[PDB]
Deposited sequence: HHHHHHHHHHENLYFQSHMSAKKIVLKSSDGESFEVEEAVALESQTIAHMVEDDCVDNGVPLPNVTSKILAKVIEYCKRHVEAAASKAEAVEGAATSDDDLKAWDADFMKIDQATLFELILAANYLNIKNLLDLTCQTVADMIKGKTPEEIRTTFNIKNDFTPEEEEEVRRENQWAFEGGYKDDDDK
């Protein structure tokens, strides 16, 4: 079976039914019907939906073949994480809005890995964020964590 997904912009993507059932939310809406006419998405960009669909596609295909391998999968995942910052951000929001656990773990692991071995003056530089602590609060939190600075 083929499912038509409609992005917010208006691009249409043809997907394998199986691939669609990888999303438990889409599967749940499909059992509840009212989805045979089309499954629209309110907040989802066509480019990010396309990237997630390629990910689920490849994964599903690999899984089916094996049932009928892990190194190739790992290589593909490492090759699909060669993007910048803001694209990973749009991908995490999309993964949350659609609930695809495996992609969420991969993206959270990549963000965790980049912020590995970083200090308070480094993470701030990477994300350009505002430290909003008062001097007293900052010294108190630093003192609570002083064991980590040795």
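Unmodelled regions (deposited sequence positions with no C-alpha coordinates, counted from 1) are 1 to 21, 90 to 96, 179 to 187.
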